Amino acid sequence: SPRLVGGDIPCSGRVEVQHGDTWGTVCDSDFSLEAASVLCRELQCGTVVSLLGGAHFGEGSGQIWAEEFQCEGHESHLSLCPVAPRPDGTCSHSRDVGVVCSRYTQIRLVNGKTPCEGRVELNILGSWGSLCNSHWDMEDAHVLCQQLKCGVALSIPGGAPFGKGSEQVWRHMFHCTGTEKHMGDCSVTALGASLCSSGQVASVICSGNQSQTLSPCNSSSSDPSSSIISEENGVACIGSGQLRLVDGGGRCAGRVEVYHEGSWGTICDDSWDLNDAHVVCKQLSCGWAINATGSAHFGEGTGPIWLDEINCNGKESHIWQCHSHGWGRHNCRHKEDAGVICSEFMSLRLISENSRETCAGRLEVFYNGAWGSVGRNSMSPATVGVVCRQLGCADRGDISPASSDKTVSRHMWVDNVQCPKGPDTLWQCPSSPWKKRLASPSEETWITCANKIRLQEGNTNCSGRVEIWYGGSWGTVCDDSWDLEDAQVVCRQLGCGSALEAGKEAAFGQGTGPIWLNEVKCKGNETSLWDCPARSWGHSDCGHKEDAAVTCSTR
């Protein structure tokens, strides 16, 4: 029923809702993340990446609905959601709301008899291109054939039987587990990804829909299977990967957890060494191990301790092939849970030399066990916004002028980062391949991100209406329980001096967008308003007439 209009990528655009024959738009104060998540699910577009206010995909025409959608979040249709007519707002079409959903992938098969076979093409940065044969597996093929409604995947032939194509190769590495129902639901990396030999391109043959798509396997009674395909209730089924890493801050690090007898469980760190970790990292397509961690380094598990005294020599393609003590009944506690850090683990930081700054510094990436600088070549404002969103700031920032210093000191990891529309992390952005080399500050990137809190419409930047950035868009704070202790937190976070006032009742003017917080009840010693007790993320009965303000002293 709902439609997205005016987007550049699929599953994006301005939100439009029909009643009767009349389409209308929704004001950016009326449409929550929960309502956005119901729309993305209903439209088969995955999950919500961004809620965007301010007529980002252009202003609409005609009707604007006066209704708020009070979705719980798990409704199947937007029509099932409770609707509250709010008082008749000052919303024009310059505040029509918009949504980026997660299934923005543009992928197809070209030059076979049907769309059920051919060379894989991916559209990135307005341009169709191939994928590398070495970057594409059978798990990826099963997901794509289900997406194209073409049954199951038969083959991934390497010798280009449908033509190499007259075009570019994207170096993207999909890491589908095999149980996903759209390529947009799979984890994917493009950052630093290696080139492949010319014309070594990926191809898929699907079965067609004369076979139905396999369901995921649901059983953990037996020893886990090392094949993609298992047998369950007289039907073939895709093995859901019964190994995960948790609490590592990424796909290729964290505590090793294993699914058996209906429960996720941990591994004891006795005899847990690098060879064991290598097998884990191989099985997850995470490269090689750089660390086998013990001593509950990423935290302690909730569930049984299934495996102990695992002694892989490193041959094995799965941890289930390794010699252990078998399932359950071991003489150790969760203070010794095992984990890994693998060579494909990626992390991101800004480093200030003398500190004081929170959203500013030299951009650095962690890869293959090492930190290194990100080069500044080709780097657009939109790429800096993705960086700044990923580091926990607002989605905008500025690159400092290049240093005159042409003499090499630090290691660089990657350069030529060029983010497309849609990802909110740097890892799905194409670049040059990883190359550890020495580099001068001439080549390095210093970033000043916009903070996720600001004061608008006063005589300094330390005085005005409180606005907070969350989930895509700037929004406001309601003034119920908003006191001087809240203002002392806002002033401290901005790096202003003493709080003078906690203003109420839209004293510097009403804002736009959603109202992200109400019932903010700070102790008063917090370093950020995100540490404060509040009714978080858009559940409020307020309007923009009740917007909160802070006035602080400079310096």
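Quick note: we count residues from 1 along the sequence shown, nothing fancier.
Once the C-alpha B-factors are averaged per stretch, 269-277 and 296-304 rank with 296-304 first. When the mean C-alpha temperature factors of 481-489 and 227-235 are read from the deposited coordinates, 227-235 comes out higher.
Residues shown: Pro85, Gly372, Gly129, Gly458. Highest C-alpha temperature factor in the entry: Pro85.
Per the PDB record, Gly89 has a higher Cα B-factor than any other of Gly184, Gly192, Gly208, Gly89.
Compared with the other modelled residues of the chain, the Cα B-factor recorded for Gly472 ranks in the lowest third. In the deposited entry, the Cα temperature factor of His334 places it in the highest third of its chain's modelled residues. For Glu16, the recorded CA B-factor ranks within the lowest third of the chain. Only modelled residues enter the ranking. Annotation for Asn416: CA B-factor lies in the lowest third of the chain's modelled residues. Among the modelled residues of its chain, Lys523 has a C-alpha B-factor that falls in the highest third according to the deposited record.
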